[PDB]
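Read the structure below first, then the notes.
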Amino acid sequence: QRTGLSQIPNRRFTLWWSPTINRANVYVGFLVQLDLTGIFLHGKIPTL
Amino acid sequence: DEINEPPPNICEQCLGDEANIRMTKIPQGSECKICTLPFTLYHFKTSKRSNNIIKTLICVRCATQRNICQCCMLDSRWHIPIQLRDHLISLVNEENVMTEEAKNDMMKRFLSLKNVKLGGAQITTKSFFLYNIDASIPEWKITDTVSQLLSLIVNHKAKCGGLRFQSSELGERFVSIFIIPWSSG
Amino acid sequence: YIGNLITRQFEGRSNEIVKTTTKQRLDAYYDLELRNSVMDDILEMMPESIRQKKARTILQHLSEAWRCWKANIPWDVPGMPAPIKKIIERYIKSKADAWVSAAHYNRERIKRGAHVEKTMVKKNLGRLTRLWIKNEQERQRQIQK
Amino acid sequence: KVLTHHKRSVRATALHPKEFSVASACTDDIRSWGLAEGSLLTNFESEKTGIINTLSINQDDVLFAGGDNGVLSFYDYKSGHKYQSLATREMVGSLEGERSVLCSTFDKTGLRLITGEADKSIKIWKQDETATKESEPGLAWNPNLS
Amino acid sequence: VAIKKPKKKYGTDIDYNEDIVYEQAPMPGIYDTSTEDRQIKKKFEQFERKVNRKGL
Amino acid sequence: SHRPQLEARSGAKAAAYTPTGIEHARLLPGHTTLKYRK
Amino acid sequence: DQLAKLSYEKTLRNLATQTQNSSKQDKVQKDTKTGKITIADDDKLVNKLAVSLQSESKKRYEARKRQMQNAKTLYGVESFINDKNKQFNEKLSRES
Amino acid sequence: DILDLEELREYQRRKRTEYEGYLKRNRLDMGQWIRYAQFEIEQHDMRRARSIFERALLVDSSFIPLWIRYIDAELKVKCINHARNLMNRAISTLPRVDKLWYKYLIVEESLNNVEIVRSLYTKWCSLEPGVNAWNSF
Amino acid sequence: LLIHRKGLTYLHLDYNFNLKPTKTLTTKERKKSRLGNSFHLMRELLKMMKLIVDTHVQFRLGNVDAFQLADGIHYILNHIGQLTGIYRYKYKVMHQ
Amino acid sequence: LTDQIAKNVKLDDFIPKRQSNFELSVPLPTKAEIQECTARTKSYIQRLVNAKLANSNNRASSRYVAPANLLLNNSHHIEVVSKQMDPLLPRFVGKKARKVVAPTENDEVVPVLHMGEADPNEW
RNA sequence: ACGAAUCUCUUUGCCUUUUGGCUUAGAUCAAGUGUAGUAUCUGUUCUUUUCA
RNA sequence: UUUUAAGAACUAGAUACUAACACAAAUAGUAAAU
Ligand SMILES: [Mg+2]
Ligand SMILES: [Zn+2]
Ligand SMILES: [Zn+2]
């Protein structure tokens, strides 16, 4: 369970730079809109 | 290889009386209905023009131990079911000989391999109330007899023959272990 | 690829399926065959038949002897036939050199830093420190004698 | 055919390179056997020197047998007569248990012997030519009741 | 009401009570037992036939 | 239940079984050719 | 080996007391049909045999049982968590 | 405990499943084979007991105590001929063991049958056995 | 058929060969439903064919025009590194 | 009966045949013998191998390689004709992977014929 | 007189429910609180025979 | 032929184990931290 704790501080970051990390000049990735949203993700970034 | 090598074991009767026959060969066909393992299956139609196609339902390992035709499943030599032939053969002598076979699954599969053969093989309304009803006699036999000299409800619990007929014309013609009464209201 | 997938959807997977020695499941194997190959010899120094209990228990002497060898415990069993004890010492020397030899080889794989796994590092520090202490106590004793 | 005689594990064998038969060791008693019939043939005079790791036959009908006690034991093949024994000087820093013999073979000439040993080494044995009878003879043939 | 046979696990699962597990004919041999078998059957039918009534 | 084994599995137990027919990779033909010595 | 011999003797003399005691208190046929052989025997002496066996099983069984009682009640020295500590630990006492 | 046929039935099924689990994992552990045979006799069903022994031999035949108890299991039910054929298979399987020859003797002495013990010692001598065979003959 | 014959009835192939669970999965039903680099590789491959053959299907219907056709299927063969995801299964294909 | 009883074991099989005479002679077995046994074996193996290649599913492993019924007396003659599959459908409709246990059944015995004071000190 | 069988005890023998694997001892070794459920640790006072 | 539980009532809490229950609100069995 302790291992789990470490992650929570960590994610914030990958959102605070979302819009580079996810972006549409990406080399390769299979495009998927999220479920009921209007966001497209290029390839799997699980955290984000 | 060897699967082929013990060849088919087949009746010379049920096989059908034509001069020339063709039969297929399929190297892994069905499993046995018995030992539940594969073998080579052999079709054929009896006669050429037939609608119906004989198949072979069993091993040649399994049809040997019991000694029977793979199509028929009668004895090879006597054309008779196992549960008969080894029953007669039980009788003379006195008591022996039945073949205890294989519940479960790999009991029968296992038991297939060992070569011991098996006992059989070893060797080879007007209501009419008519009473007195005999214990062993069926209705088929009754109305059998009636139609044979010229329609029924029997109760074998109470040994009371209940009976009805279409027209009393069959009243005369009926009459013209039996309790008679011509009974109706 | 698919040809298999569908023969397995009809004919079921295979029951035996041996398997192979490999990177991960190595030691267990090495061990396992070692033990077996003591039990031959020790079964043939005994006069006749008496086996099962005598056997198992003698193997327990094996392990105990090894983990003595590591800890550098001199290991004298109070009373027990000389030849048997010979056998155990013979093997445990053999396993010993398997161990030390692997400790060198791996250390000199890490110093280059060429694809040594994670735990392999931590382990190999274990095998080292052990060896280093043995050298130590040796060096002292001979400084006595 | 089975040949059941030996008493515990049968640990080694070899084929006579001519005679068409096979020496089968055992633990402590080293028999031969004929093929075709699976006869018995002979029984080599061997007290318990075993554990026999190996046999090697030869072109001259020498027989070799390696012990784990560290003793080489040569025989005649025909007979059973054991005509030489040798403690194999184990090694420099070894452990008395590490004297043993884990394999053997003869080169194709029949005159040179090669064996491995649990002390991490190979040894090669040579057939000494002086011999004849001069003062050759070995243990001198007093066949006993097996 | 009859008692359950506890299901199956692996499709080939064996019910040991039903049939002789793996049946070893003791042997043939020279001395022709064959009559002893009748005293056997008589004793086994005898035993089981008892327990049904008296209840062990 | 961690136990030192006392045994090994007879190959025979396997041998009775019926086959499967899965196709491995390492069985695909390679080196179809023998070589003889003079 | 020697034990099997000795036991053979013991049951010899015991058998002798059976027969003689039975005096104090008072063929081979073949089938040309099948190679089975047929010997003819009394229902007597089979029962004495079986009974003797049963009683041996009894008396030995009871020697071992009383030995359970006595042996497990007596020794009270070494530590014991359970039965098997007493058992095994008495094996370690058997050692020296 | 037991009431009628049906309860006895369940009491058997349960035992057999259990044991033959434990024999399924250890082919060895002879004691287990023995005890399971013994239970099988206490159920007054021999046929199964015969088998269970036989299997127990197919695993190991050099283990005499099983031979012996698969004799006494035949004798204590007062069935002899089985306990004869078994003896031919015994000494023929292991002639070098005395205990089998002696036991087969005693089986023939308590039956008083001499013709046997004559021809019997004729064999057990014909193999040039050792001092004790002649001495006892 | 292959799916429904493994008794996975809660996976759906839409018409474009995406594979979607319809019902949040019990973990067991995940493990039972991981599918192979085969089945996935092949689904992707079909996807590619469907894509191209579609664009033609359109043009025949008269909804496009022969230039936009040619450009289309060009676009497809170049942007496969996006439109599908075959590079998950053979990663080798990252040469093409 | 003396033969019936112990029938199998017999003393001539304990007794070594080169004790009497050394030099008893045992021939290694000729030439046009080993070129027979070699023949009937080699053929038998080629039948094995050629089966197991022509079983399986490399359609291209097969590249690496009769009326046959008189039934009864043949009475009705016969011809035995394989039926070409439907190459899509499985071949070996009955094949499967199951598990069997076999009776190890034999007729004959193998007399095992071999040859506690000071030793239990040692061991 | 001695021999034998039976019961009982003792000693020896037999081992009877009589330690079943491997890796870095396989690694790590105390930092809480509220309520609640269960386990179970003390004392006090009175009293020691039977039939329809 | 078996067989003796010292009997009954009162009372309190003290050491324990535990519980995805409760202190801008969120963690789990490949990896853990100056
Ligand atoms: Mg884990
Ligand atoms: Zn069958
Ligand atoms: Zn027919």
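How things are named: the first chain in the structure tokens is A, the next is B, and so on; residues count from 1 in each chain; ligands count from 1 in the order shown.
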
Exercise. Once DSSP has gone over the backbone, tell me which residues of chain G are in strand (DSSP E or B), as a PyMOL selection string.
Key: chain G and resi 28-30+37-39

Practice problem: Enumerate residues in contact with ligand 2: an atom-to-atom distance of at most 7 Å, counting only C-alpha atoms (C1' of nucleotides) and all ligand atoms. Format the result as a PyMOL selection string. | Solution: chain B and resi 32+34-37+58-62+112

Pick out the residues sitting within 9 Å of residue E:52, and hand them over as a short mmCIF file (atom, residue, chain, number, x, y, z; two decimals) with N, CA, C and O atoms, in the first residue's frame; count only C-alpha atoms (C1' of nucleotides), and ignore anything fewer than 5 positions along from it in its own chain.
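The resulting file, around.cif, is shown below:
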```cif
data_model
loop_
_atom_site.label_atom_id
_atom_site.label_comp_id
_atom_site.auth_asym_id
_atom_site.auth_seq_id
_atom_site.Cartn_x
_atom_site.Cartn_y
_atom_site.Cartn_z
N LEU H 3 -26.28 -46.29 9.29
CA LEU H 3 -27.65 -46.77 9.34
C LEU H 3 -27.86 -47.90 8.33
O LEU H 3 -27.83 -49.07 8.71
N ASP H 4 -28.03 -47.55 7.06
CA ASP H 4 -28.39 -48.52 6.03
C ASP H 4 -27.38 -48.51 4.89
O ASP H 4 -26.33 -47.89 4.99
N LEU H 5 -27.73 -49.17 3.80
CA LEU H 5 -26.87 -49.33 2.64
C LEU H 5 -26.33 -47.96 2.20
O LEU H 5 -25.12 -47.82 1.93
N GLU H 6 -27.22 -46.99 2.16
CA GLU H 6 -26.91 -45.71 1.57
C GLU H 6 -25.86 -44.98 2.37
O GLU H 6 -25.05 -44.27 1.78
#
```

Self-check item: Nearby residues (only C-alpha atoms (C1' of nucleotides)) at most 9 Å from residue E:30, same-chain spacing under 4 positions excluded, as JSON, numbers by chain
Solution: {"G": [35, 36, 37, 38], "H": [81, 84, 85, 88], "J": [4, 5]}

Any chance you could export the current selection's N, CA and C atoms as a compact mmCIF listing (two decimals), in the first residue's frame?
```txt
# COMPACT_ATOMS: atom_id res chain seq x y z
N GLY G 35 -4.75 -77.06 -17.69
CA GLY G 35 -3.57 -77.35 -16.87
C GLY G 35 -3.70 -76.96 -15.40
N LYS G 36 -4.88 -76.45 -15.02
CA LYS G 36 -5.20 -76.19 -13.62
C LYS G 36 -5.06 -77.47 -12.83
N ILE G 37 -4.57 -77.35 -11.61
CA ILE G 37 -4.45 -78.50 -10.74
C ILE G 37 -5.41 -78.38 -9.58
N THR G 38 -5.79 -79.53 -9.05
CA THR G 38 -6.84 -79.61 -8.06
C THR G 38 -6.39 -80.49 -6.94
N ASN H 81 -6.26 -71.49 -2.11
CA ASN H 81 -5.66 -71.63 -3.42
C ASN H 81 -5.06 -70.32 -3.93
N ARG H 84 -1.93 -70.00 -2.58
CA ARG H 84 -0.92 -70.88 -3.20
C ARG H 84 -0.31 -70.24 -4.46
N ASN H 85 -1.17 -69.99 -5.45
CA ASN H 85 -0.71 -69.36 -6.69
C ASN H 85 0.16 -68.14 -6.41
N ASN H 88 3.58 -69.41 -5.57
CA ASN H 88 4.37 -69.70 -6.75
C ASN H 88 4.87 -68.43 -7.37
N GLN J 4 6.51 -78.32 -12.41
CA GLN J 4 5.42 -77.38 -12.38
C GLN J 4 5.60 -76.32 -11.32
N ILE J 5 6.13 -76.69 -10.17
CA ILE J 5 6.14 -75.77 -9.04
C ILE J 5 6.99 -74.52 -9.29
```

Exercise. Please give me, as number ranges by chain, the residues lying within 9 Å of ligand 3 when counting only C-alpha atoms (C1' of nucleotides) and all ligand atoms.
Key: B: 9-16, 68-76, 79

How would the residues just picked look written out with N, CA and C atoms as a PDB file, in the first residue's frame?
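Output below, filename out-v9.pdb:
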```pdb
ATOM      1  N   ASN B   9     -13.687 -55.138 -38.866  1.00  0.00           N
ATOM      2  CA  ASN B   9     -14.281 -56.415 -38.524  1.00  0.00           C
ATOM      3  C   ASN B   9     -15.746 -56.326 -38.877  1.00  0.00           C
ATOM      4  N   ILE B  10     -16.209 -57.024 -39.909  1.00  0.00           N
ATOM      5  CA  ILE B  10     -17.564 -56.741 -40.399  1.00  0.00           C
ATOM      6  C   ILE B  10     -18.432 -57.979 -40.632  1.00  0.00           C
ATOM      7  N   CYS B  11     -19.726 -57.879 -40.282  1.00  0.00           N
ATOM      8  CA  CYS B  11     -20.729 -58.901 -40.605  1.00  0.00           C
ATOM      9  C   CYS B  11     -20.591 -59.245 -42.118  1.00  0.00           C
ATOM     10  N   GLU B  12     -20.979 -60.446 -42.520  1.00  0.00           N
ATOM     11  CA  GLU B  12     -21.112 -60.770 -43.952  1.00  0.00           C
ATOM     12  C   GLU B  12     -22.591 -60.834 -44.361  1.00  0.00           C
ATOM     13  N   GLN B  13     -23.445 -60.439 -43.431  1.00  0.00           N
ATOM     14  CA  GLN B  13     -24.874 -60.437 -43.621  1.00  0.00           C
ATOM     15  C   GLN B  13     -25.247 -58.993 -43.838  1.00  0.00           C
ATOM     16  N   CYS B  14     -25.213 -58.258 -42.727  1.00  0.00           N
ATOM     17  CA  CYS B  14     -25.710 -56.897 -42.666  1.00  0.00           C
ATOM     18  C   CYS B  14     -24.954 -56.068 -43.702  1.00  0.00           C
ATOM     19  N   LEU B  15     -23.706 -56.448 -43.926  1.00  0.00           N
ATOM     20  CA  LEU B  15     -22.923 -55.902 -45.006  1.00  0.00           C
ATOM     21  C   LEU B  15     -23.684 -55.805 -46.341  1.00  0.00           C
ATOM     22  N   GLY B  16     -24.764 -56.557 -46.525  1.00  0.00           N
ATOM     23  CA  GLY B  16     -25.557 -56.413 -47.746  1.00  0.00           C
ATOM     24  C   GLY B  16     -25.017 -57.236 -48.904  1.00  0.00           C
ATOM     25  N   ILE B  68     -17.481 -58.802 -31.863  1.00  0.00           N
ATOM     26  CA  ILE B  68     -18.688 -58.363 -32.560  1.00  0.00           C
ATOM     27  C   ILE B  68     -18.434 -57.535 -33.852  1.00  0.00           C
ATOM     28  N   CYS B  69     -19.361 -57.611 -34.806  1.00  0.00           N
ATOM     29  CA  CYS B  69     -19.345 -56.769 -36.018  1.00  0.00           C
ATOM     30  C   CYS B  69     -19.459 -55.267 -35.779  1.00  0.00           C
ATOM     31  N   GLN B  70     -18.522 -54.478 -36.280  1.00  0.00           N
ATOM     32  CA  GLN B  70     -18.495 -53.060 -35.899  1.00  0.00           C
ATOM     33  C   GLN B  70     -19.708 -52.275 -36.334  1.00  0.00           C
ATOM     34  N   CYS B  71     -20.406 -52.746 -37.351  1.00  0.00           N
ATOM     35  CA  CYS B  71     -21.634 -52.087 -37.725  1.00  0.00           C
ATOM     36  C   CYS B  71     -22.787 -52.606 -36.899  1.00  0.00           C
ATOM     37  N   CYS B  72     -23.041 -53.891 -37.078  1.00  0.00           N
ATOM     38  CA  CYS B  72     -24.119 -54.554 -36.411  1.00  0.00           C
ATOM     39  C   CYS B  72     -24.087 -54.265 -34.903  1.00  0.00           C
ATOM     40  N   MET B  73     -22.934 -54.591 -34.304  1.00  0.00           N
ATOM     41  CA  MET B  73     -22.730 -54.871 -32.856  1.00  0.00           C
ATOM     42  C   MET B  73     -23.527 -56.050 -32.377  1.00  0.00           C
ATOM     43  N   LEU B  74     -23.530 -57.092 -33.205  1.00  0.00           N
ATOM     44  CA  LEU B  74     -24.004 -58.421 -32.834  1.00  0.00           C
ATOM     45  C   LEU B  74     -22.790 -59.271 -32.657  1.00  0.00           C
ATOM     46  N   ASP B  75     -22.941 -60.512 -32.225  1.00  0.00           N
ATOM     47  CA  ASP B  75     -21.800 -61.383 -32.234  1.00  0.00           C
ATOM     48  C   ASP B  75     -21.309 -61.537 -33.662  1.00  0.00           C
ATOM     49  N   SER B  76     -20.039 -61.865 -33.794  1.00  0.00           N
ATOM     50  CA  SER B  76     -19.508 -62.143 -35.089  1.00  0.00           C
ATOM     51  C   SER B  76     -20.119 -63.450 -35.524  1.00  0.00           C
ATOM     52  N   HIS B  79     -24.527 -63.743 -34.654  1.00  0.00           N
ATOM     53  CA  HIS B  79     -25.487 -62.657 -34.953  1.00  0.00           C
ATOM     54  C   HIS B  79     -26.467 -62.460 -33.823  1.00  0.00           C
TER      55      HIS B  79
END
```

Practice problem: Name the residues, by chain letter and number, that sit within 12 Å of ligand 1 using only C-alpha atoms (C1' of nucleotides) and all ligand atoms, and give them as a ChimeraX atom specification. | Solution: /L:28-31

Could you make a table, as a tab-separated table, of the residues of chain C that have an atom within 7 Å of an atom of chain D, each with its nearest atom pair and distance in Å to one decimal, counting only C-alpha atoms, in chain and number order?
```
residue	atom	partner	partner_atom	distance
C:86	CA	D:97	CA	5.3
C:87	CA	D:97	CA	6.7
C:90	CA	D:97	CA	5.6
```
